[PDB]
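Below is the file final.pdb, which contains PDB, C-alpha atoms and all ligand atoms.
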ATOM      1  CA  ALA A   1       2.740   3.684  -6.376
ATOM      2  CA  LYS A   2      -0.209   5.109  -4.453
ATOM      3  CA  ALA A   3      -1.263   3.072  -1.308
ATOM      4  CA  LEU A   4      -4.358   3.547   0.917
ATOM      5  CA  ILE A   5      -4.132   2.125   4.498
ATOM      6  CA  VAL A   6      -7.512   1.880   6.453
ATOM      7  CA  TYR A   7      -7.437   0.884  10.044
ATOM      8  CA  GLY A   8      -9.857   0.119  12.980
ATOM      9  CA  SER A   9      -8.191   0.327  16.278
ATOM     10  CA  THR A  10      -9.706   0.415  19.929
ATOM     11  CA  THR A  11      -6.692   0.844  22.196
ATOM     12  CA  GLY A  12      -4.302   2.130  19.517
ATOM     13  CA  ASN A  13      -2.388  -1.209  18.720
ATOM     14  CA  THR A  14      -3.484  -1.582  15.058
ATOM     15  CA  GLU A  15      -3.294   2.184  14.582
ATOM     16  CA  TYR A  16       0.351   2.035  15.696
ATOM     17  CA  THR A  17       0.742  -0.973  13.222
ATOM     18  CA  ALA A  18      -0.855   1.026  10.316
ATOM     19  CA  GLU A  19       1.622   4.127  11.244
ATOM     20  CA  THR A  20       4.561   1.861  11.190
ATOM     21  CA  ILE A  21       3.625   0.289   7.888
ATOM     22  CA  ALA A  22       2.800   3.816   6.432
ATOM     23  CA  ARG A  23       6.309   5.047   7.385
ATOM     24  CA  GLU A  24       7.869   2.034   5.717
ATOM     25  CA  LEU A  25       6.034   2.299   2.473
ATOM     26  CA  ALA A  26       6.565   6.324   2.514
ATOM     27  CA  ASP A  27      10.272   5.613   3.050
ATOM     28  CA  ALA A  28      10.463   3.406   0.084
ATOM     29  CA  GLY A  29       8.851   6.302  -2.057
ATOM     30  CA  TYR A  30       5.110   5.197  -2.204
ATOM     31  CA  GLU A  31       2.522   7.840  -1.869
ATOM     32  CA  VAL A  32       0.538   6.830   1.178
ATOM     33  CA  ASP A  33      -3.017   7.957   2.373
ATOM     34  CA  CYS A  34      -3.618   6.422   5.883
ATOM     35  CA  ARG A  35      -7.180   6.733   7.378
ATOM     36  CA  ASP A  36      -9.082   5.625  10.537
ATOM     37  CA  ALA A  37     -11.952   3.476   9.246
ATOM     38  CA  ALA A  38     -14.195   5.503  11.496
ATOM     39  CA  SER A  39     -13.689   8.592   9.170
ATOM     40  CA  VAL A  40     -14.316   6.760   5.951
ATOM     41  CA  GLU A  41     -16.981   5.983   3.221
ATOM     42  CA  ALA A  42     -16.994   2.875   1.446
ATOM     43  CA  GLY A  43     -18.096   4.384  -1.817
ATOM     44  CA  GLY A  44     -15.459   3.786  -4.533
ATOM     45  CA  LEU A  45     -12.881   4.105  -1.477
ATOM     46  CA  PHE A  46     -10.243   2.132  -3.246
ATOM     47  CA  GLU A  47     -10.477   3.758  -6.755
ATOM     48  CA  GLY A  48      -7.025   5.102  -7.981
ATOM     49  CA  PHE A  49      -4.983   3.043  -5.407
ATOM     50  CA  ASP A  50      -2.274   0.682  -6.608
ATOM     51  CA  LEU A  51      -2.192  -1.128  -3.183
ATOM     52  CA  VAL A  52      -4.852  -1.134  -0.367
ATOM     53  CA  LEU A  53      -3.944  -2.345   3.159
ATOM     54  CA  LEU A  54      -6.727  -2.971   5.719
ATOM     55  CA  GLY A  55      -5.966  -3.262   9.355
ATOM     56  CA  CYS A  56      -8.480  -4.446  11.995
ATOM     57  CA  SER A  57      -8.068  -5.933  15.522
ATOM     58  CA  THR A  58     -10.213  -8.825  16.800
ATOM     59  CA  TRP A  59     -12.799  -8.720  19.586
ATOM     60  CA  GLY A  60     -15.367 -11.082  20.940
ATOM     61  CA  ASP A  61     -15.217 -14.110  23.267
ATOM     62  CA  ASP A  62     -16.857 -17.014  21.598
ATOM     63  CA  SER A  63     -17.572 -15.185  18.345
ATOM     64  CA  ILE A  64     -15.273 -13.164  16.005
ATOM     65  CA  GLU A  65     -16.258  -9.600  16.072
ATOM     66  CA  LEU A  66     -14.403  -6.917  14.167
ATOM     67  CA  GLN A  67     -13.049  -3.740  15.748
ATOM     68  CA  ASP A  68     -16.158  -1.445  16.211
ATOM     69  CA  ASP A  69     -15.000   1.360  13.853
ATOM     70  CA  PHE A  70     -14.306  -1.059  11.084
ATOM     71  CA  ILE A  71     -17.661  -2.796  11.032
ATOM     72  CA  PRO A  72     -19.523  -0.250   8.828
ATOM     73  CA  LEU A  73     -16.726  -0.318   6.234
ATOM     74  CA  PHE A  74     -16.528  -4.155   6.302
ATOM     75  CA  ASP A  75     -20.260  -4.513   5.626
ATOM     76  CA  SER A  76     -19.853  -2.284   2.426
ATOM     77  CA  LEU A  77     -16.795  -3.724   1.051
ATOM     78  CA  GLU A  78     -18.464  -4.863  -2.102
ATOM     79  CA  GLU A  79     -19.013  -1.080  -2.732
ATOM     80  CA  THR A  80     -15.230  -0.272  -2.801
ATOM     81  CA  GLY A  81     -13.583  -1.276  -5.977
ATOM     82  CA  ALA A  82     -11.833  -4.294  -4.744
ATOM     83  CA  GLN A  83     -12.128  -6.368  -7.788
ATOM     84  CA  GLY A  84      -8.658  -6.776  -9.232
ATOM     85  CA  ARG A  85      -7.238  -4.458  -6.465
ATOM     86  CA  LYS A  86      -3.886  -5.563  -5.053
ATOM     87  CA  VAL A  87      -4.667  -5.753  -1.281
ATOM     88  CA  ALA A  88      -3.346  -7.216   1.980
ATOM     89  CA  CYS A  89      -4.611  -7.252   5.455
ATOM     90  CA  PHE A  90      -3.211  -6.894   9.053
ATOM     91  CA  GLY A  91      -4.418  -6.673  12.639
ATOM     92  CA  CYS A  92      -3.487  -7.063  16.378
ATOM     93  CA  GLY A  93      -5.210  -9.845  18.478
ATOM     94  CA  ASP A  94      -3.803 -12.407  20.951
ATOM     95  CA  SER A  95      -2.938 -16.125  20.489
ATOM     96  CA  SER A  96      -4.655 -17.219  23.757
ATOM     97  CA  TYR A  97      -8.228 -16.476  22.366
ATOM     98  CA  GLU A  98      -9.933 -19.172  20.414
ATOM     99  CA  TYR A  99      -9.753 -17.275  17.062
ATOM    100  CA  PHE A 100      -6.377 -15.441  17.030
ATOM    101  CA  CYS A 101      -6.763 -12.235  14.804
ATOM    102  CA  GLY A 102      -9.973 -13.827  13.363
ATOM    103  CA  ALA A 103     -10.931 -10.423  11.976
ATOM    104  CA  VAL A 104      -7.905 -10.542   9.548
ATOM    105  CA  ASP A 105      -9.296 -14.008   8.377
ATOM    106  CA  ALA A 106     -12.927 -12.579   7.910
ATOM    107  CA  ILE A 107     -11.776  -9.410   5.948
ATOM    108  CA  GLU A 108      -9.310 -11.641   3.729
ATOM    109  CA  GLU A 109     -12.331 -14.127   2.941
ATOM    110  CA  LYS A 110     -14.450 -11.308   2.038
ATOM    111  CA  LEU A 111     -11.804  -9.716  -0.036
ATOM    112  CA  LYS A 112     -10.908 -12.886  -1.949
ATOM    113  CA  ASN A 113     -14.663 -13.520  -2.748
ATOM    114  CA  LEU A 114     -14.593 -10.000  -4.364
ATOM    115  CA  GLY A 115     -11.798 -10.880  -6.871
ATOM    116  CA  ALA A 116      -9.180  -8.975  -4.832
ATOM    117  CA  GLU A 117      -5.713  -9.882  -5.522
ATOM    118  CA  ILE A 118      -4.080 -10.734  -2.017
ATOM    119  CA  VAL A 119      -0.390 -10.292  -2.489
ATOM    120  CA  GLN A 120       0.588 -11.376   0.893
ATOM    121  CA  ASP A 121      -0.775 -13.667   3.710
ATOM    122  CA  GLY A 122      -2.207 -11.449   6.541
ATOM    123  CA  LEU A 123       0.071  -9.815   9.223
ATOM    124  CA  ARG A 124      -1.387 -11.229  12.593
ATOM    125  CA  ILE A 125       0.227  -9.585  15.629
ATOM    126  CA  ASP A 126       0.119 -11.385  18.912
ATOM    127  CA  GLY A 127       0.405  -9.020  21.831
ATOM    128  CA  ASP A 128       2.008  -5.629  21.724
ATOM    129  CA  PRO A 129       2.705  -4.339  18.092
ATOM    130  CA  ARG A 130       5.763  -2.323  19.557
ATOM    131  CA  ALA A 131       7.259  -5.742  20.276
ATOM    132  CA  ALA A 132       6.709  -7.168  16.866
ATOM    133  CA  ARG A 133       7.855  -3.902  15.193
ATOM    134  CA  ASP A 134      10.466  -5.961  13.342
ATOM    135  CA  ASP A 135       7.928  -8.429  11.763
ATOM    136  CA  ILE A 136       5.713  -5.143  10.879
ATOM    137  CA  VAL A 137       8.537  -3.526   8.951
ATOM    138  CA  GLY A 138       9.430  -6.792   7.176
ATOM    139  CA  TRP A 139       5.823  -7.528   6.242
ATOM    140  CA  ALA A 140       5.575  -4.100   4.701
ATOM    141  CA  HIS A 141       8.908  -4.736   2.825
ATOM    142  CA  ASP A 142       7.564  -7.974   1.705
ATOM    143  CA  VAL A 143       4.204  -6.603   0.439
ATOM    144  CA  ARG A 144       6.173  -4.039  -1.626
ATOM    145  CA  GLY A 145       7.597  -7.295  -3.542
ATOM    146  CA  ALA A 146       4.330  -9.206  -3.997
ATOM    147  CA  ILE A 147       3.591  -6.334  -6.183
TER     148      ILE A 147
HETATM  149  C1  LIG B   1     -12.648  -8.444  25.660
HETATM  150  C2  LIG B   1     -11.679  -8.816  24.567
HETATM  151  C3  LIG B   1     -11.919  -9.676  23.618
HETATM  152  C4  LIG B   1     -10.883 -10.024  22.575
HETATM  153  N1  LIG B   1     -11.001 -10.989  21.601
HETATM  154  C5  LIG B   1     -10.032 -11.343  20.808
HETATM  155  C6  LIG B   1     -10.117 -12.413  19.900
HETATM  156  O1  LIG B   1     -11.271 -13.090  19.809
HETATM  157  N2  LIG B   1      -8.972 -12.788  19.135
HETATM  158  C7  LIG B   1      -7.672 -12.131  19.201
HETATM  159  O2  LIG B   1      -6.817 -12.586  18.529
HETATM  160  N3  LIG B   1      -7.563 -11.060  20.064
HETATM  161  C8  LIG B   1      -8.639 -10.649  20.835
HETATM  162  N4  LIG B   1      -8.590  -9.683  21.650
HETATM  163  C9  LIG B   1      -7.227  -8.999  21.712
HETATM  164  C10 LIG B   1      -7.323  -7.661  21.222
HETATM  165  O3  LIG B   1      -7.540  -7.695  19.810
HETATM  166  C11 LIG B   1      -5.880  -7.046  21.329
HETATM  167  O4  LIG B   1      -5.883  -6.542  22.691
HETATM  168  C12 LIG B   1      -5.552  -5.891  20.266
HETATM  169  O5  LIG B   1      -4.019  -5.569  20.784
HETATM  170  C13 LIG B   1      -6.486  -4.595  20.214
HETATM  171  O6  LIG B   1      -5.986  -3.888  19.066
HETATM  172  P1  LIG B   1      -6.509  -2.500  19.092
HETATM  173  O7  LIG B   1      -5.667  -1.724  20.155
HETATM  174  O8  LIG B   1      -6.007  -2.015  17.704
HETATM  175  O9  LIG B   1      -8.115  -2.371  18.843
HETATM  176  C14 LIG B   1      -9.556  -9.254  22.667
HETATM  177  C15 LIG B   1      -9.388  -8.334  23.702
HETATM  178  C16 LIG B   1     -10.351  -8.101  24.707
HETATM  179  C17 LIG B   1     -10.069  -7.064  25.931
END
Render the structure in this file as structure tokens.
Ligand SMILES: Cc1cc2nc3c(=O)[nH]c(=O)nc-3n(C[C@H](O)[C@H](O)[C@H](O)COP(=O)(O)O)c2cc1C
Amino acid sequence: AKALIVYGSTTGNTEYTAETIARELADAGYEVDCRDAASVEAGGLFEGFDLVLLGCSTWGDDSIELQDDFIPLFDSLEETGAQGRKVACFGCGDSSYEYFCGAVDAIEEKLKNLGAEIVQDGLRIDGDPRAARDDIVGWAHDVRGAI
């Protein structure tokens, strides 16, 4: 199994999430390519991947904005090869904002509309990812089954 993890992270929380999930899937024997969304090109981005995991934190006060690096990729997602792709999504935010990890909800909606196959409900981390390290490792373990 070949996985691609793309993450948008401002303060490092989701990047630490994506590292932790990449180590879990590498430990289980998946090939893993993990990339900062700021370095990537939407063009056929997901071709050849058995599993694609997209991580993005949430910004904004009364509106949901996606993490700033991730926006460009999000806007071209139809250009990626997501139809039929087995995909899941994750992100850090904070339960005291009106839309808690609303970026994870906006990337899942867009992915579902594309015919993506979401194997697992989104990982939404409230607070510091280093405290929810346990739920991060189990979510990765669990996405390896939805497959
Ligand atoms: C100004 C501001 C606005 C934010 N808005 C939201 C939000 O609407 N929903 C949410 O769940 N978290 C929100 N957050 C929480 C951040 O997503 C959280 O701090 C996250 O740990 C950042 O992840 P990052 O380090 O990967 O970019 C906000 C944080 C700040 C400072």
Resolved residues for the PyMOL selection byres (((not hetatm)) within 8 of (chain B and resi 1)) as an mmCIF file with C-alpha atoms, in the coordinates of the input:
data_model
loop_
_atom_site.group_PDB
_atom_site.id
_atom_site.type_symbol
_atom_site.label_atom_id
_atom_site.label_comp_id
_atom_site.auth_asym_id
_atom_site.auth_seq_id
_atom_site.Cartn_x
_atom_site.Cartn_y
_atom_site.Cartn_z
ATOM 1 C CA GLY A 8 -9.857 0.119 12.980
ATOM 2 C CA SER A 9 -8.191 0.327 16.278
ATOM 3 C CA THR A 10 -9.706 0.415 19.929
ATOM 4 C CA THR A 11 -6.692 0.844 22.196
ATOM 5 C CA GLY A 12 -4.302 2.130 19.517
ATOM 6 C CA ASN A 13 -2.388 -1.209 18.720
ATOM 7 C CA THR A 14 -3.484 -1.582 15.058
ATOM 8 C CA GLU A 15 -3.294 2.184 14.582
ATOM 9 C CA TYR A 16 0.351 2.035 15.696
ATOM 10 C CA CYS A 56 -8.480 -4.446 11.995
ATOM 11 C CA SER A 57 -8.068 -5.933 15.522
ATOM 12 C CA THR A 58 -10.213 -8.825 16.800
ATOM 13 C CA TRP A 59 -12.799 -8.720 19.586
ATOM 14 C CA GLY A 60 -15.367 -11.082 20.940
ATOM 15 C CA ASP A 61 -15.217 -14.110 23.267
ATOM 16 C CA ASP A 62 -16.857 -17.014 21.598
ATOM 17 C CA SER A 63 -17.572 -15.185 18.345
ATOM 18 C CA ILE A 64 -15.273 -13.164 16.005
ATOM 19 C CA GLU A 65 -16.258 -9.600 16.072
ATOM 20 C CA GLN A 67 -13.049 -3.740 15.748
ATOM 21 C CA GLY A 91 -4.418 -6.673 12.639
ATOM 22 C CA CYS A 92 -3.487 -7.063 16.378
ATOM 23 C CA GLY A 93 -5.210 -9.845 18.478
ATOM 24 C CA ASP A 94 -3.803 -12.407 20.951
ATOM 25 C CA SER A 95 -2.938 -16.125 20.489
ATOM 26 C CA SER A 96 -4.655 -17.219 23.757
ATOM 27 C CA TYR A 97 -8.228 -16.476 22.366
ATOM 28 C CA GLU A 98 -9.933 -19.172 20.414
ATOM 29 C CA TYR A 99 -9.753 -17.275 17.062
ATOM 30 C CA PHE A 100 -6.377 -15.441 17.030
ATOM 31 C CA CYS A 101 -6.763 -12.235 14.804
ATOM 32 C CA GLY A 102 -9.973 -13.827 13.363
ATOM 33 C CA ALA A 103 -10.931 -10.423 11.976
ATOM 34 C CA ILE A 125 0.227 -9.585 15.629
ATOM 35 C CA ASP A 126 0.119 -11.385 18.912
ATOM 36 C CA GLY A 127 0.405 -9.020 21.831
ATOM 37 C CA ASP A 128 2.008 -5.629 21.724
ATOM 38 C CA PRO A 129 2.705 -4.339 18.092
#
Expanded to explicit residues, what is the PyMOL selection byres (((chain A and resi 121) around 10) and not hetatm) for this file, as a ChimeraX atom specification? /A:88-90,104-105,108,118-120,122-124,139,143
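The coordinates place atom CA of residue A:23 at 28.0 Å from atom CA of residue A:115.
Compared by their closest atoms to residue A:35, and using all atoms listed in the file, the residues A:55, A:138, A:72, A:145 rank with A:55 nearest.
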Taking the file as I've supplied it (selection: the PyMOL selection byres (((chain A and resi 1) around 12) and not hetatm)), which residues are included? Please answer as a PDB file with C-alpha atoms, in the coordinates of the input.
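Below is the file result06.pdb, written as the result:
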ATOM      1  CA  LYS A   2      -0.209   5.109  -4.453  1.00  0.00           C
ATOM      2  CA  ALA A   3      -1.263   3.072  -1.308  1.00  0.00           C
ATOM      3  CA  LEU A   4      -4.358   3.547   0.917  1.00  0.00           C
ATOM      4  CA  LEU A  25       6.034   2.299   2.473  1.00  0.00           C
ATOM      5  CA  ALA A  26       6.565   6.324   2.514  1.00  0.00           C
ATOM      6  CA  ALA A  28      10.463   3.406   0.084  1.00  0.00           C
ATOM      7  CA  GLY A  29       8.851   6.302  -2.057  1.00  0.00           C
ATOM      8  CA  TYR A  30       5.110   5.197  -2.204  1.00  0.00           C
ATOM      9  CA  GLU A  31       2.522   7.840  -1.869  1.00  0.00           C
ATOM     10  CA  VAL A  32       0.538   6.830   1.178  1.00  0.00           C
ATOM     11  CA  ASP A  33      -3.017   7.957   2.373  1.00  0.00           C
ATOM     12  CA  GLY A  48      -7.025   5.102  -7.981  1.00  0.00           C
ATOM     13  CA  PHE A  49      -4.983   3.043  -5.407  1.00  0.00           C
ATOM     14  CA  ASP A  50      -2.274   0.682  -6.608  1.00  0.00           C
ATOM     15  CA  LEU A  51      -2.192  -1.128  -3.183  1.00  0.00           C
ATOM     16  CA  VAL A  52      -4.852  -1.134  -0.367  1.00  0.00           C
ATOM     17  CA  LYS A  86      -3.886  -5.563  -5.053  1.00  0.00           C
ATOM     18  CA  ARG A 144       6.173  -4.039  -1.626  1.00  0.00           C
ATOM     19  CA  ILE A 147       3.591  -6.334  -6.183  1.00  0.00           C
TER      20      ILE A 147
END
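Distance-wise, atom CA of residue A:42 and atom CA of residue A:7 end up 13.0 Å apart.
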Min atom-atom distance to residue A:135 from the set A:53, A:21, A:5, A:27, counting all atoms listed in the file, belongs to A:21
Pick out the residues sitting within 9 Å of residue A:40, and hand them over as a CSV table (one decimal) with C-alpha atoms, keeping the file's coordinate frame; count only C-alpha atoms, and ignore anything fewer than 5 positions along from it in its own chain.
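This went into selection-v5.csv:
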chain,number,residue,atom,x,y,z
A,6,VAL,CA,-7.5,1.9,6.5
A,35,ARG,CA,-7.2,6.7,7.4
A,45,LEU,CA,-12.9,4.1,-1.5
A,73,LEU,CA,-16.7,-0.3,6.2
Centre and size of axis-aligned box enclosing stretch 126-142 of chain A plus 5 Å each side, as AutoDock Vina command-line options:
--center_x 5.3 --center_y -6.9 --center_z 11.8 --size_x 20.3 --size_y 19.1 --size_z 30.1
With N, CA and C atoms as the target, complete stretch 21-53 of chain A and hand it back as an mmCIF file, in the coordinates of the input.
data_model
loop_
_atom_site.group_PDB
_atom_site.id
_atom_site.type_symbol
_atom_site.label_atom_id
_atom_site.label_comp_id
_atom_site.auth_asym_id
_atom_site.auth_seq_id
_atom_site.Cartn_x
_atom_site.Cartn_y
_atom_site.Cartn_z
ATOM 1 N N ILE A 21 3.654 0.733 9.294
ATOM 2 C CA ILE A 21 3.625 0.289 7.888
ATOM 3 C C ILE A 21 3.573 1.537 7.010
ATOM 4 N N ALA A 22 2.815 2.633 7.366
ATOM 5 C CA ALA A 22 2.800 3.816 6.432
ATOM 6 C C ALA A 22 4.198 4.416 6.326
ATOM 7 N N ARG A 23 4.916 4.530 7.433
ATOM 8 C CA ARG A 23 6.309 5.047 7.385
ATOM 9 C C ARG A 23 7.180 4.142 6.545
ATOM 10 N N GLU A 24 7.007 2.860 6.531
ATOM 11 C CA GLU A 24 7.869 2.034 5.717
ATOM 12 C C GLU A 24 7.580 2.234 4.257
ATOM 13 N N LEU A 25 6.329 2.126 3.865
ATOM 14 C CA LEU A 25 6.034 2.299 2.473
ATOM 15 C C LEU A 25 6.444 3.798 2.072
ATOM 16 N N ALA A 26 6.180 4.820 2.884
ATOM 17 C CA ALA A 26 6.565 6.324 2.514
ATOM 18 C C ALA A 26 8.108 6.300 2.348
ATOM 19 N N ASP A 27 8.809 5.645 3.248
ATOM 20 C CA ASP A 27 10.272 5.613 3.050
ATOM 21 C C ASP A 27 10.784 4.919 1.761
ATOM 22 N N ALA A 28 10.045 4.017 1.210
ATOM 23 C CA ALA A 28 10.463 3.406 0.084
ATOM 24 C C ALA A 28 10.076 4.247 -1.289
ATOM 25 N N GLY A 29 9.311 5.324 -1.077
ATOM 26 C CA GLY A 29 8.851 6.302 -2.057
ATOM 27 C C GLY A 29 7.348 6.165 -2.556
ATOM 28 N N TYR A 30 6.509 5.317 -1.845
ATOM 29 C CA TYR A 30 5.110 5.197 -2.204
ATOM 30 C C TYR A 30 4.439 6.480 -1.653
ATOM 31 N N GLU A 31 3.448 6.818 -2.386
ATOM 32 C CA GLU A 31 2.522 7.840 -1.869
ATOM 33 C C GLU A 31 1.583 7.044 -0.886
ATOM 34 N N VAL A 32 1.290 7.575 0.232
ATOM 35 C CA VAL A 32 0.538 6.830 1.178
ATOM 36 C C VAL A 32 -0.585 7.693 1.754
ATOM 37 N N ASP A 33 -1.816 7.175 1.761
ATOM 38 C CA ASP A 33 -3.017 7.957 2.373
ATOM 39 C C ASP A 33 -3.400 7.000 3.511
ATOM 40 N N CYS A 34 -3.329 7.369 4.743
ATOM 41 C CA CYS A 34 -3.618 6.422 5.883
ATOM 42 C C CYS A 34 -4.848 6.955 6.663
ATOM 43 N N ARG A 35 -5.933 6.185 6.868
ATOM 44 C CA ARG A 35 -7.180 6.733 7.378
ATOM 45 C C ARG A 35 -7.751 5.810 8.427
ATOM 46 N N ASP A 36 -8.337 6.378 9.468
ATOM 47 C CA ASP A 36 -9.082 5.625 10.537
ATOM 48 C C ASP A 36 -10.410 5.192 9.827
ATOM 49 N N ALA A 37 -10.783 3.959 10.004
ATOM 50 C CA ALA A 37 -11.952 3.476 9.246
ATOM 51 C C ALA A 37 -13.148 4.338 9.899
ATOM 52 N N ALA A 38 -13.035 4.823 11.107
ATOM 53 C CA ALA A 38 -14.195 5.503 11.496
ATOM 54 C C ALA A 38 -14.530 6.816 10.629
ATOM 55 N N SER A 39 -13.540 7.453 10.058
ATOM 56 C CA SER A 39 -13.689 8.592 9.170
ATOM 57 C C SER A 39 -14.014 8.181 7.727
ATOM 58 N N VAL A 40 -14.174 6.923 7.340
ATOM 59 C CA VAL A 40 -14.316 6.760 5.951
ATOM 60 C C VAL A 40 -15.641 6.303 5.355
ATOM 61 N N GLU A 41 -15.774 6.377 4.005
ATOM 62 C CA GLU A 41 -16.981 5.983 3.221
ATOM 63 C C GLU A 41 -16.604 5.049 2.195
ATOM 64 N N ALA A 42 -17.272 3.939 2.322
ATOM 65 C CA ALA A 42 -16.994 2.875 1.446
ATOM 66 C C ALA A 42 -17.019 3.090 -0.049
ATOM 67 N N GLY A 43 -17.886 4.034 -0.422
ATOM 68 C CA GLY A 43 -18.096 4.384 -1.817
ATOM 69 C C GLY A 43 -16.903 4.593 -2.731
ATOM 70 N N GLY A 44 -16.603 3.669 -3.620
ATOM 71 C CA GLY A 44 -15.459 3.786 -4.533
ATOM 72 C C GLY A 44 -14.115 4.089 -3.805
ATOM 73 N N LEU A 45 -14.088 3.954 -2.407
ATOM 74 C CA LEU A 45 -12.881 4.105 -1.477
ATOM 75 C C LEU A 45 -11.543 3.666 -1.999
ATOM 76 N N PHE A 46 -11.456 2.539 -2.658
ATOM 77 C CA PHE A 46 -10.243 2.132 -3.246
ATOM 78 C C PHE A 46 -9.901 2.574 -4.655
ATOM 79 N N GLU A 47 -10.786 3.341 -5.370
ATOM 80 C CA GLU A 47 -10.477 3.758 -6.755
ATOM 81 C C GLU A 47 -9.205 4.606 -6.760
ATOM 82 N N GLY A 48 -8.307 4.320 -7.792
ATOM 83 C CA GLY A 48 -7.025 5.102 -7.981
ATOM 84 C C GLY A 48 -5.819 4.588 -7.082
ATOM 85 N N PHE A 49 -6.075 3.535 -6.258
ATOM 86 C CA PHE A 49 -4.983 3.043 -5.407
ATOM 87 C C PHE A 49 -4.305 1.853 -6.045
ATOM 88 N N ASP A 50 -2.961 1.811 -6.061
ATOM 89 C CA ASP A 50 -2.274 0.682 -6.608
ATOM 90 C C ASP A 50 -2.298 -0.456 -5.547
ATOM 91 N N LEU A 51 -2.307 -0.054 -4.282
ATOM 92 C CA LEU A 51 -2.192 -1.128 -3.183
ATOM 93 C C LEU A 51 -3.188 -0.654 -2.025
ATOM 94 N N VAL A 52 -3.990 -1.614 -1.476
ATOM 95 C CA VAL A 52 -4.852 -1.134 -0.367
ATOM 96 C C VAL A 52 -4.528 -2.079 0.813
ATOM 97 N N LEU A 53 -4.312 -1.527 2.033
ATOM 98 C CA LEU A 53 -3.944 -2.345 3.159
ATOM 99 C C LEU A 53 -5.007 -1.989 4.213
#
